[PDB]
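Report on one structure; see the data block that follows.
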Amino acid sequence: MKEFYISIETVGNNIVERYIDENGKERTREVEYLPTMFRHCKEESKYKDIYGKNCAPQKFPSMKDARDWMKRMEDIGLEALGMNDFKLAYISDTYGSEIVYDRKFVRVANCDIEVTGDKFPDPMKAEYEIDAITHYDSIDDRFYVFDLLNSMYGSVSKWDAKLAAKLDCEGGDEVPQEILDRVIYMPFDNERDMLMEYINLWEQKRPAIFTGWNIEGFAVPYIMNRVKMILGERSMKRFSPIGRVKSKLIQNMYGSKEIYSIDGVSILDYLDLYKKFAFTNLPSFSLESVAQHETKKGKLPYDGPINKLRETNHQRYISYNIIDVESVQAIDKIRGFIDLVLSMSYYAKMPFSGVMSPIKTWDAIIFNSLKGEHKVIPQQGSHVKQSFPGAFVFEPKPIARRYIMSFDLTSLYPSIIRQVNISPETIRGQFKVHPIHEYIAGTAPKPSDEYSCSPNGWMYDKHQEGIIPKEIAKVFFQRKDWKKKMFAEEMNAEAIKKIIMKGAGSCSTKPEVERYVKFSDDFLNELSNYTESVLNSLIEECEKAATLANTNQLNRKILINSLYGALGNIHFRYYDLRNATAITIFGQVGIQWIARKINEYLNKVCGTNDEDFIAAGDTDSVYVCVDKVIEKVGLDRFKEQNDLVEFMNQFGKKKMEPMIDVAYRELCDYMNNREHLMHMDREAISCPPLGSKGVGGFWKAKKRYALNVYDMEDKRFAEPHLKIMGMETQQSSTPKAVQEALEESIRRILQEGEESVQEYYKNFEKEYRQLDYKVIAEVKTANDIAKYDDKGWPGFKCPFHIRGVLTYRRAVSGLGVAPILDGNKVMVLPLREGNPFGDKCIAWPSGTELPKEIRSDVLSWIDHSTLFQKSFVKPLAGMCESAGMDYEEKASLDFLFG
Amino acid sequence: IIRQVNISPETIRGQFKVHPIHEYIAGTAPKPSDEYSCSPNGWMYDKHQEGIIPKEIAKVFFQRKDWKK
Amino acid sequence: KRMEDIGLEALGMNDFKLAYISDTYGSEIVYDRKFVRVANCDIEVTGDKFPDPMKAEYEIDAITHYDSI
DNA sequence: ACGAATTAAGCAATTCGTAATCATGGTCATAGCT
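Sequence order for the protein chains is A, B and C. Numbers 1 to 898, taken from the entry's author numbering, label the letters of the first sequence in order. Numbers 416 to 484, taken from the entry's author numbering, label the letters of the second sequence in order. Numbers 71 to 139, taken from the entry's author numbering, label the letters of the third sequence in order.
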């Protein structure tokens, strides 16, 4: 295995790096790198930039003098070529060839902390003490758990492993034993020595990647600040291998994100890593929620608040923190993200942290590819941000249209960049711009034959290939090859599993197997003669190859999908208003052209004249097949809903490829581009269940729609799937019971129809009054408790909850209960009219309950209806009127009319 | 206040259990310490020792009060 | 810069102006108002519209300059 | 959301205007009865 680097930093004019040697050990080396730049020259030079002009090289002895030189070219208005960042250049020259790595050697430390405090602990100042630390090391594969007993909040007993092993019935913590065997427990009396030991452990076992759930949001800022304000600045820097740690403040999303940078180790916060590398929009990104959704492992329930949890059940507290760390380890193991980031950083030959910013990775790979072909990259120009039109979202008609077929093209923006060259140097001049209607209707004449054009109106070369589409094509080819290897390994593993089921052989020898290829039938016959142990080992090796294929495949996927985000940023090396506008309007005209063409094609196929059939095609995604094709033929031809789905597939395949083929062929010919790379594919198919009055699919407003999808991307479902977006169901504003009720109502309106919705609404109205008030009342913040109280006078228009606070205060007069303070979360319960309380609402601190003496009275006076019409009746009414339905029975006389 | 609590970047000495202000104003919570000068956000400072900031404050104050007289 | 790159604190004034000031005098400063040259100036420019200091395209018509020494 | 090189007394408070949204009085229009 070749020497691969762990991390790279720059110290002064030198560059230091930690690497894994050829002997499998970690070593640190410092090199006085000598970058070589380039400049525009009049004479010939084999080194050409993307523009093709000659570039004279220039070697430099030091980093600072090179920076001075580029400053000198900057102040004279002369373009200076080469690459600006130098760690990437050092990496490229140091390795050049592709790098082979083993995931075992790189040390990944997965950490979490727990802090107990009355007020919510502040990451920035960290007033409170630290008492629970968990640090999992992969090299040693051990959970170092630092536990502090004697705090300023009261000492507690030790932590017992065998006690935690036992079930909750016996008073334990049900932590699986295999975890405890890998747990090293360190109890500490005072607070300083535990921090010293944590720094010492960090020193002996320096992580290469330091990760954890929301680590950059709490763990790091808290550990750093506590060490700074308890031990001093010198101790805080000991964490950094080169003693260099820095703190920045970012004012995005209410700010308060003191992102800490440690030079020498990579901070790879798992929250955003999962946010951007999973494409899954969970209702809440809490660790418990994601672990439950994916690992299907439930957290042990606990009682009371977190701050008292330490003093109530210390054993439970430490076991919860260890479980948390195990859960983040499990989500990592199943998703396989550390392997992904390793493959990223070693494919693009870049430092680890740069993975977070797509533009850095794209710059790295582009520069490496250009250096492969003796090219030299240009220098980025500093420009202001200018907004350009985004996606022309088709306006939704809020009318239910029963069955719908939704499709969209895969990786549209790279298709734009590839089929029509948008590389920086392929600009051949301006092109006469017409109004958008002329281009969309095809009325405008053909732009040109010599060079291809875009609706922005800039001449793009057809004969000459650019550089950016070259890289996109390379990545696309690699993705296609690795996905083919994925399919080959999948069928190989399936074949070996079938062979094992048929009966394994009696050979314990492991032969060589060619990787990432398709097995032959004779190979399967030979493999059938091996032992079940060796066959299982072969299946395990094939599964590890499949994991490598997963890493590479989704690596290529996300690189492709981040290219466009890279090009749209000013700091990217190839930013241009013209290019981004060209690709965006190209997408817009493409989708609108598809919409109008499918309209006229359905018109000419079904015999309708001037009729409209394109549904609400939000952004690129287009929704078609509203209410015509199925009726034209007849529902009588379907003895089963599955038969209707099969006919759906049949006529979709009949009418999809030639229509879209000729449509996008016309589009590329109109634009006269080098090639066409835009393919449709039926993604989601929704339709009301056969033989039922349910509607299936409706639309409320922009980005608000629910579809009764059946066969999503060629995956037949035994049961309907309610693909819902925009409603209150996924939103967490309403209580979970209300969310379940809303989801059930949606299923009812899309599956069976009116009468069932009516009966469900009636019975839920009947059973709502018996539900707990904790889940069916309001909750709101309370501040400025006085608010010109004036003995119960509202003062400043108490917003229906501070008035309830005043009512609760008046009611509990004489009970001696704790008065309501400023900023407290208070539960509010509207009271029935004419109440002795004197107010049609009451508010008691959230989490607490009204004194049972007065609570019984407030429970007797409740307008369950008010809350019901606020949170539940209004959304149901909006949805039902959005689909031509009525959720309240009218009970007309028509039954006697007939 | 700086001269009284004797607060300065050098004179920090550690932390004590912070009680809410509501029971500090009423004078119900116990004395935070016995050998350190405590500030009611829950901090302690070095007793019988002058920091740089209080010393400069004292000098400027003595000059100002001289001109006052 | 090198000490920052290594990561150890470099103690002392980073600004050398007042460092040289302290090294030069050390003791207290005895000054005199009449020895310090304080100057005031005022400008008037006549033009069709409001003149712009960023452009100064109009001539200067009235100069006045007071000197204290 | 990585631009990357960098910089200079503090906070609590009222009051008014603007933009958004819901409740409603005066008046007009409809109409109905005499």
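For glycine and all other residues, C-beta sits at the position ideal for the given N, C-alpha and C.
From the DSSP output, in three-state form, read off A:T94 for me.
helix
Could you give the residue range of the beta strand (DSSP E) that holds B:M459?
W458 to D461
Given that A:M152 touches chain B, what residues does it touch there, using C-beta distances under 8 Å?
Near A:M152 (Cβ distances below 8 Å), the residues of chain B are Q430, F431 and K432.
Who are the near neighbours of A:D789 in its chain, counting only those whose CB is closer than 6 Å to its CB and skipping five residues on each side?
none
Quick test of your reading: A:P358 and A:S537, contact by CB under 8 Å. State the CB separation rounded to the nearest angstrom.
Contact doesn't hold; Cβ gap of about 39 Å is too wide.
Alpha carbon of A:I230 to alpha carbon of A:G255, nearest angstrom:
25 Å
Going by beta carbon distance, what residues of the same chain come within less than 7 Å of B:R428, once the five residues before and after it are set aside?
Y451, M459, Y460 and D461
Let me know the secondary structure DSSP gives A:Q58 once reduced to three states.
strand
Note the first and the last residue of the continuous beta strand (DSSP E) segment covering A:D894.
Segment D894 to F897 is the alpha helix (DSSP H) holding A:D894; no beta strand (DSSP E) there.
Can you pull the chain A neighbours of C:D118, defined as C-beta to C-beta under 8 Å?
Those within 8 Å of C:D118 in chain A number zero; the least Cβ separation is about 33 Å.
Looking at the C-beta of residue 899 of chain A, does it have a partner C-beta in chain C at a distance below 7 Å?
Coverage of chain A is limited to positions 1 through 898, which leaves residue 899 of chain A absent and any answer about it impossible.
Just reading off the alpha helix (DSSP H) that A:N708 is part of, what are its end residues?
Element bounds for A:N708: not the alpha helix (DSSP H) but the beta strand (DSSP E), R704 to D711.
Interface partners of C:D75 on chain A, CB under 7 Å:
Listed along the chain, the chain A residues whose CB falls inside 7 Å of the CB of C:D75 are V11 and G12.
With a cut-off of 8 Å on the beta carbons, I'd call A:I209 and A:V16 a contact; round off their distance for me.
That pair is no contact at about 18 Å.
So, for A:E778: in the same chain, excluding its five sequence neighbours on each side, which residues have a beta-carbon less than 6 Å away from its beta-carbon?
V828
Do the stretch 690-702 of chain A and the stretch 659-672 of chain A make contact, defined as three or more Cβ pairs closer than 8 Å?
no
Would you please state the rounded distance, in angstroms, between the beta carbons of A:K700 and A:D618? I believe it to be under 8 Å.
Between A:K700 and A:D618 the beta-carbon gap is near 12 Å, outside 8 Å, which marks them as no contact.
What number of angstroms, rounded off, separates the C-alpha of A:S62 from the C-alpha of A:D68?
10 Å
Give every residue of the same chain whose Cβ lies closer than 6 Å to the Cβ of A:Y33, excluding the five residues on either side of it in the sequence, and list them in chain order.
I15 and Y90
For a contact defined as C-beta to C-beta under 8 Å, what are the partners of B:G457 on chain A?
By Cβ distance, chain A contributes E127.
Separation of A:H801 from A:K870, as counted between CA atoms
15 Å
Counterpart residues of A:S7 in DSSP-defined beta bridges:
A:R18
By the criterion of Cβ-Cβ separation under 8 Å, what are the contact partners of C:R72 in chain A?
What C:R72 touches in chain A: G12.
Suppose the cutoff is 8 Å on Cβ atoms and the five residues either side in sequence are ignored; what does the same chain contact list for A:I585 look like?
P389, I436, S454, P455 and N456
At the level of alpha carbons, what is the spacing between A:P424 and A:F352?
28 Å
DSSP state of A:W202, grouped into three classes?
Three-state result, A:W202: helix.
Who pairs with A:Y623 in a beta bridge, going by DSSP?
A:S406
Please identify, using Cβ separations under 9 Å, the residues of the stretch 221-246 of chain A that lie next to chain C, in order along the chain.
Taking 9 Å as the Cβ-Cβ cut-off against chain C, the residues of the stretch 221-246 of chain A that qualify are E233, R234, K237, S240, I242, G243, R244 and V245.
Segment contact, 8 Å Cβ cut-off, at least three pairs: the stretch 336-352 of chain A with the stretch 155-167 of chain A:
Contact fails: fewer than three Cβ-Cβ distances are below 8 Å.
Where does A:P799 land, buried or exposed, given buried means 16+ other C-beta within 10 angstroms?
exposed
With a threshold of 16 other CB atoms inside 10 Å of the CB of A:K385, please say whether the residue is buried or exposed.
exposed
CA-CA distance, A:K397 and A:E755?
25 Å
Would you mind stating whether A:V325 and A:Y185 have Cβ atoms separated by less than 7 Å?
no
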